[PDB]
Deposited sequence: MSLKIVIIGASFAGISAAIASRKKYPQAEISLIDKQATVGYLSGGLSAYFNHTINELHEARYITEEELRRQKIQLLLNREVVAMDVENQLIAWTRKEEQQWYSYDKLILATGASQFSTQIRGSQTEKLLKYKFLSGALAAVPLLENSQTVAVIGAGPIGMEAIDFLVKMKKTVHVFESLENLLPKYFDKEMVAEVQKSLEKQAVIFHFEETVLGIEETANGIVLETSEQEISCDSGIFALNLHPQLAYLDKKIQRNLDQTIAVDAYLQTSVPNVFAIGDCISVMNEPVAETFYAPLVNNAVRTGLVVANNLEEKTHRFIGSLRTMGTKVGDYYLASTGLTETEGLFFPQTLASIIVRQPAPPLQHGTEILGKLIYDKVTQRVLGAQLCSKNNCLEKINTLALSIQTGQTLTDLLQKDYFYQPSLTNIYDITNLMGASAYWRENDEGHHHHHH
């Protein structure tokens, strides 16, 4: 069996490794347009580790073409094209193509994040623009605040990390950052950028702002030129796959940032470019290369980070995006002093559930205490179809010096349950 994987990153390396365990005999090739793979960027595994695991790393080769019916792909190394055949093809190409509707976005003064590899332009900057307040955006605001720069943040949605939190859950986080030369512009889109000799002017749907330079923190898209046209694609240009991560054509699969994941209990498609989706989809394709053995469970955009002094975690549907779903969403917020027997710092928890079915659909957490791991529990609760009643009584552990009497996770479900009984 010849398993060929295009993309030697999180998704691809996971698929490679997972494939090696399933098929100890199979010939496995990992292809990538880079000099070396194995490290995080802007060193979790060594080429020797892939090698010890009988995985051929064909680097410096950029895939440029495909032939689905003859089952071949073509890469271009040292100016010379070369075709390669496959029995199974796994697309783990990620998303790095910069595609915007911003006029004059090709300014060298507008840094495109992932390509980051601090930098002269930023150090010589006093005021910097950040386009996008998603996870990538907040990371940039963080490093810019450390460098003591003035920051202008542009976000089309209502609040910071909009796809993960509802306004009230991060209102304090924003104020916190506002006291640190961070200036927010929500519900404002960057329409164009004028390059001056010593800076840039962001032309938004509301005004013009001056900055010395800018960081593009919006989600990039999959560079899928090499893609065979017979392969079904989604409107947003991601590759369409079924619950087994197979493309619309025989012997070709796609994982990670290539595809659009699904939040099943609410059967809706969305693009969640996260490391956990990359690792999970990769480990799973490996068991569906010949037979539809294990359905991908889907994604809930589960995330956890730290913005300043605040630990923030999120998973599932936000109440805000509930306007676009059939479920009648309801929510409750719980405040409970941190685990040292309710004496510690406040922990804010929001739970989103279906008001009719009482199924848990989303959760948000904000605190100065690092309780982030609880998001993995809340995520599991939603992913297994629990109701307020189930969450309310799930097992949890108590220890007078380590926890509170009743876990905030269980309490979130109970509080919602009680409120639903008037």
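Unmodelled ranges, which are counted on the deposited sequence from position 1 and given in order: Missing C-alpha atoms (numbering from 1) occur across the ranges 1-2, 45-60, 136-139, 445-452.
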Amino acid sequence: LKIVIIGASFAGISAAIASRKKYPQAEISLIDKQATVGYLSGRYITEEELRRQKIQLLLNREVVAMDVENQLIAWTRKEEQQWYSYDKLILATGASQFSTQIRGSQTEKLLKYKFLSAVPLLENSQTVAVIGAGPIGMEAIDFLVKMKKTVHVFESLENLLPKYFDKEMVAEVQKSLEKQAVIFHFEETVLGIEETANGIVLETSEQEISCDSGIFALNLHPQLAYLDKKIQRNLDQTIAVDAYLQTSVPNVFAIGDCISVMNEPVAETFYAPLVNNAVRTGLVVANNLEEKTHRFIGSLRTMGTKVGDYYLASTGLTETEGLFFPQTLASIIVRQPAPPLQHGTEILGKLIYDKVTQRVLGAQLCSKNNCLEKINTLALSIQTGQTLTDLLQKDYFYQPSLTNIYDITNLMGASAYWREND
From here on, numbers count along this sequence of modelled residues.
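Stretch exceeding the other in mean C-alpha B-factor - 331-339, 79-87: Mean CA B-factor is higher for 79-87.
Residue stretch of maximal mean CA temperature factor, 58-66 vs 361-369: Higher mean C-alpha B-factor in the PDB entry: 58-66.
Deposited CA B-factor, highest of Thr46, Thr377, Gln383, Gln393: Of the options given, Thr46 has the highest CA B-factor in the PDB entry.
Criterion, highest CA B-factor; candidates, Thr302, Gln246, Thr318, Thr107: Top of the list by C-alpha B-factor: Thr107.
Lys230 - which third its CA temperature factor falls in, relative to the rest of the chain: Its C-alpha B-factor, which the entry lists for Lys230, ranks in the middle third among residues of this chain.
Chain third (lowest, middle, highest) by recorded CA B-factor, residue given as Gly12: Ranked within chain, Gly12 CA B lands in the lowest tercile.
Chain third (lowest, middle, highest) by recorded CA B-factor, residue given as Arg295: Answer is middle: the recorded C-alpha B-factor places it there.
Record-listed C-alpha B factor of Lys306: chain third: Middle third, going by the recorded CA B-factors of the chain.
B-factor third for the C-alpha atom of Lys350 within its chain: Lowest third of the chain for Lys350's C-alpha B-factor.
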